[PDB]
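Report on the structure given below.
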Amino acid sequence: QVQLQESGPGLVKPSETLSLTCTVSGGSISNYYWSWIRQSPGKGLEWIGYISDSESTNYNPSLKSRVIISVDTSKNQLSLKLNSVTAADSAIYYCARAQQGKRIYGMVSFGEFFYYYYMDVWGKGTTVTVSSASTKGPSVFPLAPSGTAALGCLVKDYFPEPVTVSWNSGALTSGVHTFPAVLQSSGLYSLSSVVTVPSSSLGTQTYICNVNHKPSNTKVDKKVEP
Amino acid sequence: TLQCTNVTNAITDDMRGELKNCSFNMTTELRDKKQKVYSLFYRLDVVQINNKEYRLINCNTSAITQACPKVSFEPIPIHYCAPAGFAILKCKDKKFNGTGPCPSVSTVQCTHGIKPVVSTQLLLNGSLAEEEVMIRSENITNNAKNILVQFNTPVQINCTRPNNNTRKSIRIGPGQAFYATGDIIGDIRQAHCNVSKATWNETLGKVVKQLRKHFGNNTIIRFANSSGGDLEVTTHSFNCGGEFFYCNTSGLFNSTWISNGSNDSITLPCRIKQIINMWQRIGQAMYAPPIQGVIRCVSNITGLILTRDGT
Amino acid sequence: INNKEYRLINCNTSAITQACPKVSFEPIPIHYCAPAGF
Amino acid sequence: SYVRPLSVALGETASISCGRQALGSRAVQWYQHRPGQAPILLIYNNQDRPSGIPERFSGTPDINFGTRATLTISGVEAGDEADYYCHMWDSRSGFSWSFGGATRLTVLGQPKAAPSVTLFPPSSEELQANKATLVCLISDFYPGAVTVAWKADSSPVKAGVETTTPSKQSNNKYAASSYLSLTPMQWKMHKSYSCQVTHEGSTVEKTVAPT
Ligand SMILES: *[C@@H]1O[C@H](CO)[C@@H](O[C@@H]2O[C@H](CO)[C@@H](O[C@@H]3O[C@H](CO[C@H]4O[C@H](CO[C@H]5O[C@H](CO)[C@@H](O)[C@H](O)[C@@H]5O[C@H]5O[C@H](CO)[C@@H](O)[C@H](O)[C@@H]5O)[C@@H](O)[C@H](O[C@H]5O[C@H](CO)[C@@H](O)[C@H](O)[C@@H]5O)[C@@H]4O)[C@@H](O)[C@H](O[C@H]4O[C@H](CO)[C@@H](O)[C@H](O)[C@@H]4O[C@H]4O[C@H](CO)[C@@H](O)[C@H](O)[C@@H]4O[C@H]4O[C@H](CO)[C@@H](O)[C@H](O)[C@@H]4O)[C@@H]3O)[C@H](O)[C@H]2NC(C)=O)[C@H](O)[C@H]1NC(C)=O
Ligand SMILES: COc1cnc(-c2csc(CN(C)CCCN(C)C)n2)c2[nH]cc(C(=O)C(=O)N3CCC([C@@H](C#N)c4ccccc4)CC3)c12
Ligand SMILES: *[C@@H]1O[C@H](CO)[C@@H](O[C@@H]2O[C@H](CO)[C@@H](O[C@@H]3O[C@H](CO)[C@@H](O)[C@H](O)[C@@H]3O)[C@H](O)[C@H]2NC(C)=O)[C@H](O)[C@H]1NC(C)=O
Ligand SMILES: *[C@@H]1O[C@H](CO)[C@@H](O[C@@H]2O[C@H](CO)[C@@H](O[C@@H]3O[C@H](CO)[C@@H](O)[C@H](O)[C@@H]3O)[C@H](O)[C@H]2NC(C)=O)[C@H](O)[C@H]1NC(C)=O
Ligand SMILES: *[C@@H]1O[C@H](CO)[C@@H](O[C@@H]2O[C@H](CO)[C@@H](O)[C@H](O)[C@H]2NC(C)=O)[C@H](O)[C@H]1NC(C)=O
Ligand SMILES: *[C@@H]1O[C@H](CO)[C@@H](O[C@@H]2O[C@H](CO)[C@@H](O)[C@H](O)[C@H]2NC(C)=O)[C@H](O)[C@H]1NC(C)=O
Ligand SMILES: *[C@@H]1O[C@H](CO)[C@@H](O[C@@H]2O[C@H](CO)[C@@H](O)[C@H](O)[C@H]2NC(C)=O)[C@H](O)[C@H]1NC(C)=O
Ligand SMILES: *[C@@H]1O[C@H](CO)[C@@H](O[C@@H]2O[C@H](CO)[C@@H](O)[C@H](O)[C@H]2NC(C)=O)[C@H](O)[C@H]1NC(C)=O
Ligand SMILES: *[C@@H]1O[C@H](CO)[C@@H](O[C@@H]2O[C@H](CO)[C@@H](O)[C@H](O)[C@H]2NC(C)=O)[C@H](O)[C@H]1NC(C)=O
Ligand SMILES: *[C@@H]1O[C@H](CO)[C@@H](O)[C@H](O)[C@H]1NC(C)=O
Ligand SMILES: *[C@@H]1O[C@H](CO)[C@@H](O)[C@H](O)[C@H]1NC(C)=O
Ligand SMILES: *[C@@H]1O[C@H](CO)[C@@H](O)[C@H](O)[C@H]1NC(C)=O
Ligand SMILES: *[C@@H]1O[C@H](CO)[C@@H](O)[C@H](O)[C@H]1NC(C)=O
Ligand SMILES: *[C@@H]1O[C@H](CO)[C@@H](O)[C@H](O)[C@H]1NC(C)=O
Ligand SMILES: *[C@@H]1O[C@H](CO)[C@@H](O)[C@H](O)[C@H]1NC(C)=O
Ligand SMILES: *[C@@H]1O[C@H](CO)[C@@H](O)[C@H](O)[C@H]1NC(C)=O
């Protein structure tokens, strides 16, 4: 009933205000708690902060000096702002709904309790890279094939991660295998997607390769044929 | 000189400081070698210097002596007896005032069991009246003579210190061992007492009825909390399992009664002291050693010690 | 202590009190008696 | 934060002890996290687990003090490989900002799977752009560790090769890629190019040639 979707720039220059947004679907936004969580390479899950239903904010003291969390009740969009970013700030920024738990051990009158929060429904994550390097759209090249056979769609030299790939605009979904990218020494990622289709389907089921690199708004398409 | 910090912050505002984690240099078995040990002291037992430096409350007035932890502060009933050739006369009048001619008299060699309980405001574990709820004062019309009421029904009270304490022996010298408060296993909670709001309201009304006989069926009497003084007299101070409780009683004497709950109880926020001073002479005080485990005593409230102010 | 440092054997357990050297540890025969009527 | 490893045989029961023990009454949250994916709140209150989570995931309630917080995974499967976090709240300590350590559960005894190598020659549009790249795609192998070897005809080739570290697939197997870059003249001036993929103790070769 409730799903979350993050959205970010993907690339932010060093010493600049990062900005991400998170849309709630199905439920309201001003009646729950929401938490920003990021996960850097090598470093574990780090809690950035959270906002209440009454739109009260509380930040992690690790990044308290430079994080501003907001909320827009006109729809279900809550925003995040992080200034003075460095290379160590590149991570997958997740968005989740925090549920307030009141753990009571003694008497509620004397205040012998405490509040704990837990994220029950998360987003999918927005990849954010901090680098002085500029963005670049990929270059798609077809991989013609030759029980069954396999064709591919090479996606080389783009920056930064990621790149979404679908076959036949989402129609072809079985036997698809999209491989992780490769960070070449030149500093650009290179991807490769491949589907395994029956041999008789070569003539002439059209196979359209969809490639989307949002950090450059450079969507492309390409067909494959022997 | 004690170096004190709060023990385990984030509880409920002015509550981290109610008990402190104090560390201090201490003598050892060798007089030339010191030791840096720590101990948990309650806030009522320490005072600042004016930094986080503290000292024991008694040091500028009284010497201190910790009770031999093998002795028991539990009251045992005592029977006072008269020597041979003497006699004890008991007034068996069920509605006796305390003075005047008692019609029914009997003689005994020894009095009944009398527990030497030393409490305040509330008379604990005492003997009950058989009829009504008597009221005794030498000059009741005098406002400076304490009224000693005595119930016929015991209104039960449940006191507890829920903190699971630890006693850490510290040798301060050859043979001498000071028993410090190590740490607290589990939650750091608040000591308190429960008393059934229904029974306390019922028993507080009986005192009102018997108070009408000395001030008129038409007058209005009111219960207010203590008007000041030392800590032992402004609170329901007593002893429960070794530790000396000091219970705020504003929730028991906050009622006005006209000329003419039922489920929950009223709780009493109690503080705890360890360096309790002497009640007679000055320059003397006792250190109650820390009691291990959870303390919870169940006792009767059989009387009160009230005071009028001169409607 | 663990060097040539030592301490008295009793210091970690018991206080110590030297006998007034004018008193004599020499045993003197004692006669226990019963009160009158015993 | 640091990562402490843990190994459990396939089908057994796992015992993941929490990183930091509680000083008082606690409220422990368990999150299942596989890198590059959204964490999954397994258990929020000391033993309460949300819907959509099997009963084989269980925690320890806070009954009497002293009991340590441990996440129990009975009937462990290959999908239970992830990072598990102990979000420890208690009366004593302050606000639990840190998720704590990370127990890297690795399920042992999984079936060994052989790769599915597939080599693609340089595309025509790439050769038209005066560049040429061989791609050697590997999939469906376990344990996730292989070694790629490129050969121009018979002689080895190591200048110009890039390789992905293995990555877990949705079917709990692994996949990696290998990109050999060469000028279009080197692609034509050689007879054939091979990609030898060595997994466990066996090598597999897929070759391609400009014909
Ligand atoms: C003198 O007078 C004093 C003053 O009266 C008096 O002080 C009293 O002291 C006692 C103990 O010293 C105190 O008792 C404690 O009470 C705590 C609170 O319990 C109440 O609340 C819980 C939780 O309520 C939420 O959940 C329920 C459903 O589960 C909802 O219906 C609620 O609405 C609420 O949920 C909403 O609200 C939340 C915030 O408000 C939101 O966040 C949430 O999302 C929701 O919106 C209830 O479950 C309790 O119900 C139980 O009690 C009723 C009677 O009230 C009974 O019918 C029945 O037994 C119910 O089970 C209750 O209403 C308790 O949490 C606490 O017990 C836990 O803690 C202690 C130590 O902290 C543990 O040792 C103990 O084992 C318990 O641990 C269990 O529970 C915790 C909490 O979840 C778990 O984390 C833990 O793992 C463990 O779980 C295990 O047991 C569970 C059941 O016990 C089980 O479900 C699990 O599956 C697992 O097996 C303790 O009992 C009391 O509060 C004081 N009084 C006052 C007024 O404060 C003193 O005693 C007097 N006498 C003297 C001094 O001598
Ligand atoms: C604690 O009280 C004491 C503390 N320390 C010493 C002491 C130290 S050393 C020494 C020997 N010294 C060398 C010879 C004489 C001194 N000379 C040097 C002149 N005696 C005491 N001795 C008699 C005491 C009492 O009876 C008394 O006042 N209580 C005891 C009972 C309570 C009590 C109960 N339940 C209670 C306390 C607080 C709140 C509520 C109830 C009330 C007060 C007494
Ligand atoms: C009161 O304050 C004292 C400090 O003056 C506390 O003692 C110290 O407590 C810390 C934290 O537990 C101890 O550090 C721990 O050491 C163990 C053993 O190596 C280690 O495994 C832990 O990770 C941690 O580093 C420290 O040793 C200890 N020092 C002494 C002299 O006791 C004391 O705990 C406080 N008490 C209360 C009730 O707050
Ligand atoms: C009023 O009188 C009652 C009854 O005599 C007193 O209750 C007694 O309280 C003491 C300590 O609070 C209890 O001793 C404890 O026993 C438990 C259980 O064995 C043990 O774990 C403790 O270490 C300690 O020895 C005693 O059993 C208890 N007696 C009864 C019959 O319940 C009460 O303390 C008195 N209150 C006052 C203010 O005098
Ligand atoms: C010993 O020190 C205590 C602590 O200051 C003194 O108690 C204070 O006395 C003043 C009056 O001069 C009160 O205003 C304070 O409230 C007291 N402090 C408390 C109760 O914590 C005490 O008077 C000193 N004794 C002597 C003999 O100087
Ligand atoms: C609290 O009051 C009750 C009621 O008087 C006491 O219970 C009585 O105790 C006497 C003395 O041993 C017995 O003769 C009665 O038979 C008891 N009656 C009942 C109904 O129990 C109780 O002992 C008192 N508690 C304390 C701690 O003094
Ligand atoms: C108070 O804390 C002590 C420990 O500091 C607890 O003592 C333990 O009691 C259990 C009983 O099941 C024993 O198995 C342990 O061996 C004891 N440990 C020690 C160090 O003595 C005691 O149970 C606690 N009290 C309460 C009421 O929880
Ligand atoms: C004080 O505590 C005592 C015992 O802990 C309570 O007495 C118990 O009352 C229940 C009522 O449901 C009985 O079932 C038990 O048998 C009683 N125990 C004993 C030892 O008599 C009493 O109710 C408490 N009173 C308050 C005001 O808290
Ligand atoms: C005080 O110190 C003495 C000296 O070490 C202790 O006596 C030793 O006790 C151990 C057992 O723990 C024996 O193995 C040694 O043989 C004893 N030393 C002797 C007899 O010279 C004594 O136990 C200490 N007392 C305390 C209370 O710690
Ligand atoms: C103890 O806590 C109180 C309340 O937060 C604070 O005012 C006080 O300064 C603290 N004392 C120490 C020694 O930390
Ligand atoms: C103990 O004495 C030393 C001096 O050697 C001092 O530095 C230290 O602060 C003292 N400790 C305490 C707790 O006062
Ligand atoms: C106490 O009661 C007796 C009973 O006759 C009475 O004479 C006396 O005046 C009373 N004293 C007080 C102070 O009530
Ligand atoms: C009692 O006190 C009142 C005034 O407080 C006084 O008039 C009266 O004489 C006193 N009674 C006795 C017997 O002293
Ligand atoms: C007061 O009222 C009671 C009835 O509750 C009655 O018995 C008594 O005689 C009255 N006394 C006076 C002085 O009015
Ligand atoms: C009596 O009650 C008043 C009402 O708030 C309070 O301010 C005062 O501190 C109380 N006194 C005692 C001794 O509890
Ligand atoms: C006693 O409690 C009342 C309220 O319960 C509070 O206003 C008052 O300050 C307390 N007295 C003391 C001395 O703490």
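How things are named: the first chain in the structure tokens is A, the next is B, and so on; residues count from 1 in each chain; ligands count from 1 in the order shown.
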>> If the cut-off is 10 Å, can you tell me the residues of chain A near chain B, counting only C-alpha atoms? I'd like them as JSON, numbers by chain.
In response: {"A": [105, 106, 107, 109, 110, 111, 112, 113, 114]}
Would you save the residues from that selection as a compact mmCIF listing (two decimals), in the first residue's frame, using N, CA and C atoms?
# COMPACT_ATOMS: atom_id res chain seq x y z
N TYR A 105 9.87 0.44 30.65
CA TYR A 105 10.47 -0.50 31.59
C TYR A 105 10.06 -0.26 33.03
N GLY A 106 9.87 1.00 33.43
CA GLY A 106 9.46 1.30 34.79
C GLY A 106 8.07 1.89 34.86
N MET A 107 7.96 3.10 35.37
CA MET A 107 6.69 3.82 35.47
C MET A 107 6.67 4.94 34.45
N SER A 109 4.92 7.47 34.67
CA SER A 109 4.79 8.73 35.39
C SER A 109 6.16 9.36 35.66
N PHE A 110 7.10 8.57 36.18
CA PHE A 110 8.45 9.06 36.42
C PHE A 110 9.25 9.24 35.14
N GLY A 111 8.70 8.86 33.98
CA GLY A 111 9.44 8.95 32.74
C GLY A 111 10.37 7.78 32.48
N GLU A 112 10.13 6.64 33.13
CA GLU A 112 11.00 5.47 32.98
C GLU A 112 10.64 4.74 31.68
N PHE A 113 10.89 5.42 30.57
CA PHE A 113 10.69 4.86 29.24
C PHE A 113 11.67 5.53 28.29
N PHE A 114 11.64 5.09 27.03
CA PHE A 114 12.42 5.73 25.98
C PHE A 114 11.80 5.38 24.64
>> Taking only C-alpha atoms and all ligand atoms into account, list the residues no farther than 7 Å from ligand 15, as a list in words.
In response: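 Answer in the requested format: residues 225, 226, 227, 228, 234, 235, 248, 249 and 250 of chain B.
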> Which residues come within 9 Å of residue 109 (chain B), counting only C-alpha atoms, excluding same-chain residues fewer than 5 positions away, as a list in words?
Replying inline: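 Final neighbour list, sorted by chain and number: residues 80, 81, 82, 83, 84, 86, 87, 88 and 89 of chain B.
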Once you have the residues from the selection above, write them out as a compact mmCIF listing (two decimals), in the first residue's frame, restricted to N, CA, C and O atoms.
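The new file result.txt reads:
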# COMPACT_ATOMS: atom_id res chain seq x y z
N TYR B 80 8.93 -4.61 77.14
CA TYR B 80 9.42 -3.95 78.34
C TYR B 80 8.76 -4.57 79.57
O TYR B 80 7.55 -4.77 79.59
N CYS B 81 9.57 -4.85 80.59
CA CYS B 81 9.08 -5.49 81.80
C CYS B 81 9.48 -4.67 83.01
O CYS B 81 10.45 -3.91 82.98
N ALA B 82 8.70 -4.82 84.08
CA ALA B 82 8.99 -4.18 85.35
C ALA B 82 9.70 -5.15 86.28
O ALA B 82 9.40 -6.35 86.26
N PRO B 83 10.63 -4.67 87.10
CA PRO B 83 11.32 -5.56 88.04
C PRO B 83 10.36 -6.14 89.06
O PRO B 83 9.19 -5.74 89.17
N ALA B 84 10.86 -7.11 89.82
CA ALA B 84 10.07 -7.68 90.91
C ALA B 84 9.77 -6.60 91.95
O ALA B 84 10.63 -5.77 92.26
N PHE B 86 7.50 -4.39 91.30
CA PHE B 86 6.85 -3.39 90.47
C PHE B 86 5.81 -4.06 89.59
O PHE B 86 5.71 -5.29 89.53
N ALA B 87 5.02 -3.24 88.90
CA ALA B 87 3.96 -3.76 88.05
C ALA B 87 3.72 -2.81 86.89
O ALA B 87 3.91 -1.60 87.00
N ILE B 88 3.30 -3.38 85.76
CA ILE B 88 2.86 -2.63 84.60
C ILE B 88 1.34 -2.68 84.56
O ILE B 88 0.74 -3.76 84.63
N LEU B 89 0.71 -1.51 84.45
CA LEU B 89 -0.75 -1.41 84.42
C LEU B 89 -1.19 -1.05 83.01
O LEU B 89 -0.77 -0.03 82.46
> How would you write, as an MDAnalysis selection string, the set of residues no farther than 9 Å from ligand 7 when counting only C-alpha atoms and all ligand atoms?
Replying inline: (chainID B and resid 162:166 183:186 292:294) or (chainID D and resid 64:66)
Could you write out that same residue set with N, CA, C and O atoms as a CSV table (one decimal), in the first residue's frame?
chain,number,residue,atom,x,y,z
B,162,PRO,N,13.8,-0.2,43.1
B,162,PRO,CA,13.9,-1.2,42.1
B,162,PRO,C,15.3,-1.4,41.5
B,162,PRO,O,15.5,-2.3,40.8
B,163,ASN,N,16.2,-0.4,41.8
B,163,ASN,CA,17.6,-0.6,41.2
B,163,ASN,C,18.3,-1.8,41.9
B,163,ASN,O,18.3,-1.9,43.1
B,164,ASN,N,18.9,-2.6,41.0
B,164,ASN,CA,19.6,-3.8,41.4
B,164,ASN,C,21.1,-3.4,41.7
B,164,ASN,O,21.9,-3.4,40.7
B,165,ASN,N,21.4,-3.0,42.9
B,165,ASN,CA,22.7,-2.4,43.2
B,165,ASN,C,23.7,-3.5,43.4
B,165,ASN,O,23.4,-4.7,43.6
B,166,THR,N,25.0,-3.1,43.5
B,166,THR,CA,26.1,-4.0,43.8
B,166,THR,C,27.0,-3.3,44.8
B,166,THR,O,27.2,-2.1,44.8
B,183,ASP,N,28.0,-0.7,40.9
B,183,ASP,CA,27.2,-0.2,39.8
B,183,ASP,C,25.7,-0.7,39.9
B,183,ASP,O,25.4,-1.2,41.0
B,184,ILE,N,24.9,-0.5,38.9
B,184,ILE,CA,23.5,-0.8,38.9
B,184,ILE,C,23.3,-1.8,37.7
B,184,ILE,O,23.5,-1.5,36.6
B,185,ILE,N,22.9,-3.0,38.1
B,185,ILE,CA,22.6,-4.1,37.1
B,185,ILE,C,21.2,-3.8,36.6
B,185,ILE,O,20.2,-3.7,37.4
B,186,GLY,N,21.0,-3.6,35.3
B,186,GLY,CA,19.7,-3.4,34.8
B,186,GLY,C,19.3,-1.9,34.7
B,186,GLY,O,20.2,-1.1,34.5
B,292,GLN,N,22.5,-5.0,48.4
B,292,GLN,CA,22.5,-5.6,47.1
B,292,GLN,C,21.1,-6.2,46.8
B,292,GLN,O,20.3,-6.5,47.7
B,293,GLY,N,20.8,-6.3,45.5
B,293,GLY,CA,19.5,-6.8,45.1
B,293,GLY,C,18.5,-5.7,45.0
B,293,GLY,O,18.7,-4.5,45.1
B,294,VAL,N,17.2,-6.2,44.8
B,294,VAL,CA,16.1,-5.3,44.7
B,294,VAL,C,15.4,-5.3,46.1
B,294,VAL,O,15.2,-6.3,46.7
D,64,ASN,N,13.9,-11.3,31.4
D,64,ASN,CA,14.8,-11.0,32.5
D,64,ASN,C,16.1,-10.4,32.0
D,64,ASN,O,16.6,-10.9,31.0
D,65,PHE,N,16.7,-9.5,32.7
D,65,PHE,CA,17.9,-8.8,32.3
D,65,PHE,C,19.0,-9.8,32.4
D,65,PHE,O,19.1,-10.7,33.2
D,66,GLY,N,20.0,-9.6,31.5
D,66,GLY,CA,21.1,-10.5,31.3
D,66,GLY,C,21.1,-11.3,30.0
D,66,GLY,O,22.1,-11.7,29.4
> What do you get as a list in words if you pick all residues at most 12 Å from ligand 14, counting only C-alpha atoms and all ligand atoms?
Replying inline: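 After applying the 12 Å limit, what remains is residues 206, 208, 209, 210, 211, 212, 213, 214, 215, 216, 217, 218, 219, 259 and 260 of chain B.
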> If we count only C-alpha atoms, which residues of chain D reach to within 8 Å of chain A? Please list them as a PyMOL selection string.
Replying inline: chain D and resi 1-2+25-27+29+36-41+44-45+50+89-91+96-99+101-102+120-123+125-126+162-164+167+175-177
>> Show me which residues line ligand 6, defined as having an atom within 10 Å of a ligand atom where only C-alpha atoms and all ligand atoms count, and present them as a PyMOL selection string.
In response: chain B and resi 115+124-129+152-157+297-302
Write out the residues from the selection above, keeping C-alpha atoms, as a PDB file, in the first residue's frame.
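Generated file (out09.pdb):
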ATOM      1  CA  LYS B 115       8.775  -3.029  67.253  1.00  0.00           C
ATOM      2  CA  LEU B 124       4.364   1.999  60.341  1.00  0.00           C
ATOM      3  CA  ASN B 125       3.846  -1.578  61.555  1.00  0.00           C
ATOM      4  CA  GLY B 126       2.159  -0.362  64.748  1.00  0.00           C
ATOM      5  CA  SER B 127      -0.739  -1.471  66.919  1.00  0.00           C
ATOM      6  CA  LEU B 128      -4.309  -0.732  65.862  1.00  0.00           C
ATOM      7  CA  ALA B 129      -7.356   0.619  67.643  1.00  0.00           C
ATOM      8  CA  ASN B 152      -8.309   0.806  63.502  1.00  0.00           C
ATOM      9  CA  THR B 153      -7.841  -0.465  59.934  1.00  0.00           C
ATOM     10  CA  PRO B 154      -4.311  -0.856  58.509  1.00  0.00           C
ATOM     11  CA  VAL B 155      -3.879   1.029  55.236  1.00  0.00           C
ATOM     12  CA  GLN B 156      -1.233  -1.006  53.429  1.00  0.00           C
ATOM     13  CA  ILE B 157       1.799   0.619  51.802  1.00  0.00           C
ATOM     14  CA  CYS B 297       8.994  -4.100  51.791  1.00  0.00           C
ATOM     15  CA  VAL B 298       5.276  -4.370  52.574  1.00  0.00           C
ATOM     16  CA  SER B 299       4.101  -2.672  55.762  1.00  0.00           C
ATOM     17  CA  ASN B 300       1.000  -1.302  57.459  1.00  0.00           C
ATOM     18  CA  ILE B 301       0.289   2.364  58.142  1.00  0.00           C
ATOM     19  CA  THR B 302      -1.448   2.349  61.525  1.00  0.00           C
TER      20      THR B 302
END
>> Neighbours of ligand 11 at 9 Å or closer, counting only C-alpha atoms and all ligand atoms: which residues, as a ChimeraX atom specification?
In response: /B:1-4,22-26,34-38,53
> Mind checking DSSP for chain D and telling me the helix (DSSP H, G or I) residues as a PyMOL selection string?
Replying inline: chain D and resi 78-80+124-128+184-188
Emit the selected residues as a PDB file, in the first residue's frame, including N, CA and C atoms.
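Result went into result-v7.pdb, see below:
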ATOM      1  N   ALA D  78      20.585 -20.355   0.837  1.00  0.00           N
ATOM      2  CA  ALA D  78      21.554 -19.507   0.152  1.00  0.00           C
ATOM      3  C   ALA D  78      21.085 -18.063   0.042  1.00  0.00           C
ATOM      4  N   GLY D  79      19.773 -17.821   0.097  1.00  0.00           N
ATOM      5  CA  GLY D  79      19.267 -16.461   0.066  1.00  0.00           C
ATOM      6  C   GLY D  79      19.490 -15.693   1.352  1.00  0.00           C
ATOM      7  N   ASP D  80      19.823 -16.388   2.439  1.00  0.00           N
ATOM      8  CA  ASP D  80      20.068 -15.752   3.729  1.00  0.00           C
ATOM      9  C   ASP D  80      21.457 -15.129   3.830  1.00  0.00           C
ATOM     10  N   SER D 124      30.217  -4.059 -35.595  1.00  0.00           N
ATOM     11  CA  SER D 124      30.573  -3.327 -36.806  1.00  0.00           C
ATOM     12  C   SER D 124      30.587  -1.823 -36.560  1.00  0.00           C
ATOM     13  N   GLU D 125      29.595  -1.309 -35.826  1.00  0.00           N
ATOM     14  CA  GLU D 125      29.570   0.118 -35.515  1.00  0.00           C
ATOM     15  C   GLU D 125      30.768   0.525 -34.668  1.00  0.00           C
ATOM     16  N   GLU D 126      31.234  -0.368 -33.792  1.00  0.00           N
ATOM     17  CA  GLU D 126      32.433  -0.079 -33.013  1.00  0.00           C
ATOM     18  C   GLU D 126      33.664  -0.045 -33.909  1.00  0.00           C
ATOM     19  N   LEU D 127      33.827  -1.065 -34.758  1.00  0.00           N
ATOM     20  CA  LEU D 127      34.926  -1.068 -35.719  1.00  0.00           C
ATOM     21  C   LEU D 127      34.853   0.131 -36.655  1.00  0.00           C
ATOM     22  N   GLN D 128      33.641   0.582 -36.989  1.00  0.00           N
ATOM     23  CA  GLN D 128      33.495   1.796 -37.785  1.00  0.00           C
ATOM     24  C   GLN D 128      34.001   3.017 -37.028  1.00  0.00           C
ATOM     25  N   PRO D 184      41.380  -1.693 -33.818  1.00  0.00           N
ATOM     26  CA  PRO D 184      40.772  -2.537 -34.859  1.00  0.00           C
ATOM     27  C   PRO D 184      41.789  -3.218 -35.757  1.00  0.00           C
ATOM     28  N   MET D 185      43.007  -2.683 -35.858  1.00  0.00           N
ATOM     29  CA  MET D 185      44.048  -3.361 -36.623  1.00  0.00           C
ATOM     30  C   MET D 185      44.517  -4.624 -35.910  1.00  0.00           C
ATOM     31  N   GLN D 186      44.679  -4.557 -34.585  1.00  0.00           N
ATOM     32  CA  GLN D 186      45.067  -5.742 -33.827  1.00  0.00           C
ATOM     33  C   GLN D 186      43.986  -6.813 -33.869  1.00  0.00           C
ATOM     34  N   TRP D 187      42.723  -6.408 -34.021  1.00  0.00           N
ATOM     35  CA  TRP D 187      41.643  -7.381 -34.137  1.00  0.00           C
ATOM     36  C   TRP D 187      41.687  -8.112 -35.472  1.00  0.00           C
ATOM     37  N   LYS D 188      42.125  -7.435 -36.534  1.00  0.00           N
ATOM     38  CA  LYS D 188      42.208  -8.046 -37.855  1.00  0.00           C
ATOM     39  C   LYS D 188      43.531  -8.769 -38.079  1.00  0.00           C
TER      40      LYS D 188
END
> Which residues come within 12 Å of residue 143 (chain D), counting only C-alpha atoms, excluding same-chain residues fewer than 4 positions away, as a list in words?
Replying inline: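 Contacts, in chain order: residues 78, 106, 107, 108, 109, 110, 111, 112, 113, 114, 115, 139, 166, 167, 168, 172, 173, 174, 175, 198, 199, 200 and 201 of chain D.
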> What residues have any atom no more than 9 Å from ligand 12 when counting only C-alpha atoms and all ligand atoms, and can you list them as a PyMOL selection string?
Replying inline: chain B and resi 96-102+135-141+214
Restricting the output to C-alpha atoms, write the selected residues as a compact mmCIF listing (two decimals), in the first residue's frame.
# COMPACT_ATOMS: atom_id res chain seq x y z
CA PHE B 96 -9.15 5.66 75.75
CA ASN B 97 -7.79 9.18 75.27
CA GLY B 98 -4.31 8.70 76.78
CA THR B 99 -5.01 10.67 79.97
CA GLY B 100 -7.63 10.59 82.70
CA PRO B 101 -9.26 7.82 84.74
CA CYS B 102 -9.25 4.51 82.88
CA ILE B 135 -6.87 11.06 68.41
CA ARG B 136 -4.40 11.94 71.17
CA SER B 137 -2.79 15.26 72.08
CA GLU B 138 -2.01 16.75 75.48
CA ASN B 139 -3.47 20.18 74.60
CA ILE B 140 -5.46 19.68 71.39
CA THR B 141 -6.52 23.33 71.52
CA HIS B 214 -12.71 18.68 68.62
> Taking only C-alpha atoms into account, which residues of chain C are within 10 Å of chain B, as JSON, numbers by chain?
Replying inline: {"C": [7, 8, 10, 11, 12, 13, 14, 15, 16]}
> Per DSSP on the backbone, what are the strand (DSSP E) residues of region 1-208 of chain D, as a ChimeraX atom specification?
Replying inline: /D:4-9,13-17,26-33,40-43,57-58,70-74,83-90,103-108,118-120,132-141,146-152,155-157,161-163,167-168,174-182,193-199,202-208
>> At a cut-off of 7 Å around ligand 5, and using only C-alpha atoms and all ligand atoms, what residues come up? Please write them as a PyMOL selection string.
In response: chain B and resi 47+57+60-61
>> Can you work out which residues are within 12 Å of ligand 2, considering only C-alpha atoms and all ligand atoms, and then hand them over as a count of residues only?
In response: 60
